[PDB]
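Structure record follows, encoded as structure tokens.
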Amino acid sequence: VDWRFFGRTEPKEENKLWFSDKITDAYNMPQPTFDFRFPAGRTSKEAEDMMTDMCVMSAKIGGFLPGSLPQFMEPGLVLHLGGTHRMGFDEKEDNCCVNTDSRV
Amino acid sequence: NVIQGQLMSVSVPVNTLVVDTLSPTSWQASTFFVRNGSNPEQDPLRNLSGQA
Amino acid sequence: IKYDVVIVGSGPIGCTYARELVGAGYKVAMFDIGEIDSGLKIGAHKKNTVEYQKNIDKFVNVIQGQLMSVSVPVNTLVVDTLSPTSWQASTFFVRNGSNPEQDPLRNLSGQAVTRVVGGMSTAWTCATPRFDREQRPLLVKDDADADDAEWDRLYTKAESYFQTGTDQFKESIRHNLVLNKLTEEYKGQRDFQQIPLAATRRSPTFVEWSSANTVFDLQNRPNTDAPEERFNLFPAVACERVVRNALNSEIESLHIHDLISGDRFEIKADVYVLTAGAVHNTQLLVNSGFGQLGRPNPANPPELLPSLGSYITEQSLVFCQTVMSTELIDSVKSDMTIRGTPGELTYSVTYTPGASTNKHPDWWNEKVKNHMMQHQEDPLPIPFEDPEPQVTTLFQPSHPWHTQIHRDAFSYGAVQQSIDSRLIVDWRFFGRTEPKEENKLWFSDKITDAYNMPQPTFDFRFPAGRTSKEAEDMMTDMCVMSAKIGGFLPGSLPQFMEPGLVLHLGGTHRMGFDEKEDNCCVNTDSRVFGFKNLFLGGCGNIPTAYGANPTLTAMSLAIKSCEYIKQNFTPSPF
Amino acid sequence: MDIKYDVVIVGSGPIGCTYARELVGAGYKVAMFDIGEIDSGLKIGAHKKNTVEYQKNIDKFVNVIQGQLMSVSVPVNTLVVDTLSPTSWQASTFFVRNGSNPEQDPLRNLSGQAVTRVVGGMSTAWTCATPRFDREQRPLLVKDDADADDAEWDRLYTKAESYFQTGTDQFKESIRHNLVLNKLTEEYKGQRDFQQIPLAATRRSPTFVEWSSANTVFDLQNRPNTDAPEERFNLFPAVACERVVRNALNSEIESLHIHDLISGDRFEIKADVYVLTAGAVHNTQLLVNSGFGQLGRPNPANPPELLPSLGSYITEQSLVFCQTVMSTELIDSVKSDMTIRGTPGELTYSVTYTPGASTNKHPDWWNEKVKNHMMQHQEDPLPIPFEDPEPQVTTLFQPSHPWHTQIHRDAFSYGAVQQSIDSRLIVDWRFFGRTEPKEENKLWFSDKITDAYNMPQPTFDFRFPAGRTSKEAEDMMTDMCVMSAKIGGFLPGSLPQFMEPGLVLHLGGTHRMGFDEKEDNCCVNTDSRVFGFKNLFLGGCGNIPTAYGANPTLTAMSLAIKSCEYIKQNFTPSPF
Ligand SMILES: Cc1cc2c(cc1C)N(S(=O)(=O)O)[C@@H]1C(=O)NC(=O)N=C1N2C[C@H](O)[C@H](O)[C@H](O)COP(=O)(O)OP(=O)(O)OC[C@H]1O[C@@H](n2cnc3c(N)ncnc32)[C@H](O)[C@@H]1O
Ligand SMILES: Cc1cc2c(cc1C)N(S(=O)(=O)O)[C@@H]1C(=O)NC(=O)N=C1N2C[C@H](O)[C@H](O)[C@H](O)COP(=O)(O)OP(=O)(O)OC[C@H]1O[C@@H](n2cnc3c(N)ncnc32)[C@H](O)[C@@H]1O
Ligand SMILES: OC[C@H]1O[C@H](O)[C@H](O)[C@@H](O)[C@@H]1O
Ligand SMILES: O=S([O-])[O-]
Ligand SMILES: O=S([O-])[O-]
Ligand SMILES: O=S([O-])[O-]
Ligand SMILES: O=S([O-])[O-]
């Protein structure tokens with residue numbers, strides 16, 4: 008049995024996806040670059056509590072399979088990236104890009 | 078394998094692995110220069126390395 | 057030719073018999089199959105060199121190089137990328153010293169032995185906890201107070217012999233960080249303390265770890281320091297058999313093989329003491345007509361020591377390492393006023409000495425201040441030479457495992473360079489195993505080992521029921537407790553270790569009050585049932601399910617055994 | 004500890020022990036210091052593989068070797084660990100950690116270079132191969148007279164061989180040895196010569212070899228003693244030697260500064276003669292910490308005043324390695340003399356041969372071993388006895404193949420260990436290249452970073468020179484692939500590869516010898532005396548100034564013998 012637990016990450020202004028003005032990708036478009044860390048308080052404390060929960064819960068079923076021991080996966084392997092063009096009611100108050108009709 | 082073959086990494090930092098068992102006749106780097114489509118803008122320690 | 061006492065094995069249990077009995081005026085000989093290997097201090101800890109205390113990671117290799125596997129099943133790995141010209145096997149035949157008796161799925165693959173003077177005490181981690189009642193063999197039946205008093209006396213003496221202490225690591229910032237956080241988190245429900253360690257600190261960067269040598273210096277006697285004592289140690293002597301009289305009431309000789317000359321001799325003593333380890337005591341006994349040689353055959357049960365080699369116990373062992381939390385690292389410098397950016401003109405780190413509101417005492421804040429000011433290139437507040445953590449919460453009925461939360465060298469230990477060593481903490485939890493008649497160490501009647509002795513073979517599974525339920529609860533407990541200090545270090549994720557890599561095998565020649573009722577081989581004086589003059593020492597005596605490290609307990613039994621000898625045999629006039 | 008001796012020797016390796024052998028024997032009052040400790044049993048400085056347990060378990064000795072090799076210069080680590088838990092303390096930079104050396108360029112290093120600090124030095128662990136160098140690999144000891152040069156080398160090498168107990172027939176009864184030896188002789192008939200590796204060892208039984216070591220050279224026991232009542236020698240382990248004090252004239256050493264590691268105390272030791280035998284790295288370190296050469300990153304805009312060639316022109320050998328699994332043809336050839344009737348395990352099974360038959364391809368002793376193994380071990384499918392000793396074959400360096408070779412089995416730090424393939428089938432191949440000395444290849448010492456003993460941190464600036472050295476290194480790989488194939492294919496997991504630079508541990512030329520300090524770009528003369536100084540001598544592989552592929556220790560020993568002759572003729576032992 009596979010066990011995959013997925014944490015929630017607080018949105019923080021400093022966590023960014025930006026694009027190079029000099030380096031280009033394979034289609035000749037501005038190269039994506041990340042400036043990302045998991046925020047240090049709730050997100051981090053929940054992430055480790057989440058690991059603990061997986062270890063506790065999975066043990067009710069069976070022990071770990073050697074070679075597939077409990078681990079964090081490489082950041083972003085999960086492919087659930089959000090908030091890069093985020094929604095809210097007000098561009099300024101809600102620090103956002105599109106409204107609730109998804110209109111820019 | 079099908080999944081792996083269609084996930085292209087978003088941002089790959091410049092590689093600094095040391096390969097010091099090349100034959101003396103092989104062309105050998107003096108620096109960790111930008112190669113193989115890596116992104117010299119990317120801090121390896123503030124990345125989403127698995128993003129694809 | 058003739059001795060009062062002959063001791064087989066120079067580990068710490070043999071050296072307990074030597075200490076006691078040489079001291080009491082007996083003419084003693086000790087034989088070890090291995091050779092002198094720790095410098096001028098015979099049988100001392102190999103880790104007590106300056107070089108190894110500066111390079112503790114490297115000592116893992118020393119350990120690996122002296123642990124020889126007990127039973128290796130026939131190898132069935134498929135190599136099908138040989139060149140077509142290379143000689144290529146048609147079957148999985150016996151090779152490279154493998155044991156074809158061994159079922160690879162009912163083994164203790166990690167079990168190994170060390171054949172050097174001082175035995176495994178040349179390499180061990182020096183943890184010497186007492187067993188609580190739940191884990192401890194009874195010495196007195198039906199009087200808990202008298203049993204406690206007997207054990208308290210014996211342990212207190214064993215602790216003197218090993219120079220056990222609980223203070224040698226008190227000035228370690230890492231130690232305190234880890235111990236204090238755990239105590240806070242358990243909110244009274246568990247007790248943490250320093251691992252009791254057989255060691256004496258010599259300086260802030262040097263610890264003299266104990267060993268057999270600390271117990272008994274293994275110097276031949278008489279000598280200038282001991283002009284009236286009599287002791288000879290004979291290394292490179294493979295002890296092969298003890299000869300029984302026809303009554304099975306006495307041992308008449310010890311048969312040995314001198315490995316350097318190749319010759320075989322016998323040795324006469326009044327008293328024979330086997331302290332060759334849990335595996336090799338059993339081997340020597342079986343090779344002597346005790347128990348049963350060969351694959352166990354219940355239809356023809358042995359008439360002598362039928363419990364020999366049955367009810368074997370080995371601990372489950374789980375291991376991980378962690379990387380210290382950001383919270384804990386920031387806590388180290390919590391009393392500091394820090395201004396400016398490291399490396400620049402205006403940077404400063406200060407604290408108020410003696411302030412009652414400081415979290416930490418002055419010696420700590422001074423260390424942290426000076427590290428931070430003197431090493432502005434370094435991003436951590438922990439001094440470079442800070443000693444290792446040495447923390448435990450001892451076995452209790454509500455958490456029936458032993459714990460060590462520490463850094464030290466062991467054969468499966470981990471070595472990496474990417475993460476700063478000051479952040480890394482090892483976690484080892486040891487489970488207790490119920491003794492079960494079906495769990496066996498037996499010896500082949502045809503296959504032999506590298507010393508031409510019957511080949512050891514295990515038939516072992518961890519018992520279902522409580523042992524297994526606890527082992528898995530223990531794993532979870534390690535995952536829960538470690539998380540309070542930091543996440544797992546990649547590459548050292550939580551796992552069970554190969555069965556027997558822990559090297560805590562017990563019960564192979566177990567102790568009890570009554571041979572038949574207690575399914576056992578030695579009585580509480582460690583005397584083999586029926587035999588006037590044959591004693592066994594070591595962890596193989598321990599008949600209980602135990603999770604703590606067993607050597608202190610085995611030494612306590614050996615001291616009691618010595619008291620019986622002193623009471624019952626007279627030393628020869630000197 | 005007295006404070007005055009006739010001679011002081013830093014280092015108890017085999018080279019230090021050559022000086023002790025010669026000079027204690029000549030009646031000098033000698034003291035020897037080692038930073039490491041007594042570690043091989045009651046035979047002080049002896050080979051650690053000389054236990055009954057290691058000869059029954061040779062593969063375990065690899066771990067012993069690994070545990071006593073401490074890396075010289077470890078660059079700052081830049082591996083990315085991005086699967087830490089979010090709560091774990093996480094680096095923002097690749098900062099200096101775990102004793103790494105921020106002076107070290109990771110791409111111009113000898114990353115495998117390591118040192119051993121134990122009494123006996125590396126001779127407690129080495130593989131005991133002691134070939135002589137031919138003229139092409141060897142420095143000149145006589146100019147302009149090649150036959151005189153050869154005669155002097157033969158004298159010194161013959162003496163060195165006696166000291167080490169070098170021999171070439173301890174493996175002559177091995178079936179695997181002869182199988183391989185003979186096959187290679189045949190395949191290269193009249194193109195290359197194969198022989199047993201000359202090994203510093205004495206066989207004691209069919210299953211036990213007493214490997215030589217420093218202890219063999221000199222037993223390291225304090226003197227006077229019963230066997231040597233008029234000799235004077237004291238060994239002081241756990242003593243870091245830190246500096247030799249130069250007079251202001253730079254013509255004499257005045258004292259040796261030491262640090263007793265057990266007490267913590269520092270002392271000044273006085274001798275008439277000072278001999279540094281601390282290894283190629285540590286000799287150089289001690290001399291630099293004493294004002295020789297130049298401390299800090301090399302700066303040609305102010306060459307040093309004293310010994311400007313110190314730590315330049317360093318050489319380390321290219322090393323290639325693989326293992327093979329013996330060919331079917333070779334295995335069948337072991338039993339070619341046997342007549343076989345029946346099936347193994349049947350009552351009628353019979354393996355016989357005819358002693359002394361003219362048609363036999365092997366001697367009677369070989370056939371008797373094969374027959375007895377086949378008959379006594381009918382479950383075993385190979386004709387090679389279980390206790391058959393290891394192969395120990397070489398074809399020595401020549402101009403048409405300018406590398407040393409070892410076609411053998413033994414324990415080394417990079418050694419391989421698997422359980423799947425029968426060990427009797429396995430042969431190791433190690434080919435060793437010669438490296439041209441070049442001024443730019445350097446071993447220098449930091450003026451800020453310190454090592455674990457508080458001495459200036461060694462740093463390498465090294466690449467294999469780009470022409471002959473490089474072209475030979477790759478031709479050497481090719482040669483290994485070509486030659487090894489005559490024996491069997493490669494063992495998976497031990498494919499042909501270059502080893503990490505300096506793992507080979509044959510570093511030379513760090514304090515190199517020549518006739519003239521300036522013309523020959525060197526540090527010591529042919530008596531191993533430091534130019535300018537009346538009473539300071541260096542011994543070891545750092546003296547060797549040439550490009551050499553063969554194992555260097557026998558050659559370093561021969562130089563030290565010559566050094567001792569000079570000392571004996573110019574300094575008077577104190578009266579006893
Ligand atoms: C290798 C190792 C072992 C330990 C540890 C770490 C490591 C890395 N750590 S922790 O990490 O596990 O936790 C321990 C620790 O902290 N605490 C502890 O109590 N035990 C530790 N062990 C286990 C103890 O070392 C072990 O319990 C005791 O040493 C056992 O003492 P003793 O009963 O004396 O056995 P021995 O194996 O040490 O010595 C036996 C000697 O007998 C010789 N011998 C064997 N057969 C012989 C024969 N036929 N003839 C003659 N001589 C013949 C052997 O050569 C040996 O010298
Ligand atoms: C580890 C190793 C080494 C070798 C081998 C295999 C293995 C597994 N093999 S093969 O596989 O390559 O082939 C060799 C072989 O077969 N043949 C050979 O010629 N050389 C081998 N080596 C190399 C030789 O061992 C080496 O050339 C000699 O030992 C050099 O002798 P010497 O020059 O005496 O150096 P040392 O390193 O042994 O001893 C130096 C002593 O100095 C001490 N020391 C250092 N600094 C000190 C200081 N500051 N103060 C006081 N003492 C201070 C050290 O403690 C040491 O004891
Ligand atoms: O056995 C007699 C005595 O021998 C010794 O001297 C031991 O040190 C001691 O504890 C013991 O009581
Ligand atoms: O003969 S007595 O030992 O039972
Ligand atoms: O020897 S006793 O157990 O009868
Ligand atoms: O005949 S040998 O292999 O025992
Ligand atoms: O001291 S002189 O002879 O180089």
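Residue numbers (my numbering), protein chains in the order written: chain A, 8 to 111; chain B, 78 to 129; chain X, 57 to 630; chain E, 4 to 579.
Ideal Cβ positions, reconstructed from N, Cα and C, are used throughout, including at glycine.
Listed in chain order, the positions of the stretch 9-28 of chain A with a beta carbon within less than 8 Å of a beta carbon of chain B are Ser27.
The beta-bridge partner set that DSSP reports for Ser115 of chain B is empty. Selection X:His560, X:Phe587, X:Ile461 evaluated against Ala539 of chain X yields X:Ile461 as nearest (Cα-Cα). Relative to the Cα of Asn113 of chain B, the nearest Cα in the group B:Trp104, B:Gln128, B:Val91 belongs to B:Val91. For the options A:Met58, A:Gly95, A:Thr59, the alpha carbon positioned closest to that of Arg110 of chain A is the one of A:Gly95.
Judged by DSSP in its simplified three-state form, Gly79 of chain X adopts helix.
Burial is judged here by how many other beta carbons sit within 10 angstroms of a residue's own beta carbon; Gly193 of chain E has fewer than 16 and is exposed. For ligand 1, no non-hydrogen atom lies closer than 7 Å to the CB of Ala100 of chain X.
For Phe64 of chain E, the uninterrupted alpha helix (DSSP H) run begins and ends at 64-70, by DSSP.
Annotation for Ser309 of chain X indicates a beta carbon at 7 Å or more from all heavy atoms of ligand 1. The beta-carbon of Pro599 of chain X is placed no less than 8 Å from the nearest beta-carbon of chain A. Its chain contains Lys23 as the residues whose beta carbon lies nearer than 6 Å to that of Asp42 of chain A, once the 5 sequence neighbours on both sides are disregarded; these appear in chain order.
Secondary structure at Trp156 of chain E: helix, using DSSP grouped into helix, strand and coil. Closer than 8 Å to the CB of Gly74 of chain A there is not a single CB belonging to chain B. Per DSSP, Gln379 of chain E is one residue of the alpha helix (DSSP H) stretching across 367-379.
Chain-order list of chain A residues neighbouring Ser126 of chain B: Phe41, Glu81, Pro82, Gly83, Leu84, by C-beta distance under 9 Å. Counting along the chain, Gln109 of chain X sits inside the alpha helix (DSSP H) bounded by residues 106-109. Using a C-beta cut-off of 8 Å, the stretch 561-576 of chain X makes contact with the stretch 357-369 of chain X, since at least three inter-stretch Cβ pairs fall below that distance.
A straight line joining the alpha-carbon of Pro439 of chain X with that of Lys273 of chain E spans about 38 Å. Remark: the shortest separation between the CB of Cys567 of chain E and any heavy atom of ligand 2 does not fall under 7 Å. In chain order, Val130, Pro156 place their CB closer than 7 Å to the CB of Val150 of chain X, counting only its own chain and leaving out the 5 sequence neighbours on each side. Across the structure, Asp62 of chain E and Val128 of chain X are spaced so that their CA atoms are roughly 15 Å apart. With a cutoff of 8 Å on beta-carbon distance, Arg230 of chain X and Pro445 of chain X are scored as near each other.
At least one CB of chain X lies nearer than 8 Å to the CB of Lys59 of chain E. When only Cα atoms are considered, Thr239 of chain X and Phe248 of chain X end up about 6 Å apart.
In this structure, the C-beta of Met176 of chain X approaches ligand 1 to less than 7 Å from one of its heavy atoms. Secondary-structure assignment with DSSP links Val242 of chain E through a beta bridge to E:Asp263. Residue environment: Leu545 of chain X is assigned as buried (16 or more neighbouring CB atoms within 10 Å of its CB, all protein chains considered). Relative to ligand 7, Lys474 of chain E has its C-beta separated by 7 Å or more from all heavy atoms.
Of the heavy atoms belonging to ligand 4, at least one sits nearer than 7 Å to the Cβ of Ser305 of chain X. The beta carbon of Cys595 of chain X is closer than 6 Å to those of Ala334, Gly562, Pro606, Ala610 in its chain, skipping five residues each way along the sequence. A direct Cα-to-Cα measurement between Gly127 of chain B and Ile541 of chain X gives close to 27 Å. Residue-level contact check: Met483 of chain E does not touch chain B, since none of the beta carbons of chain B fall below 8 Å from its beta carbon. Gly114, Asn116, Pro117, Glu118, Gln119, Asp120: these are the residues of the stretch 107-120 of chain B whose beta carbon lies less than 8 Å from some beta carbon of chain A, given in chain order.
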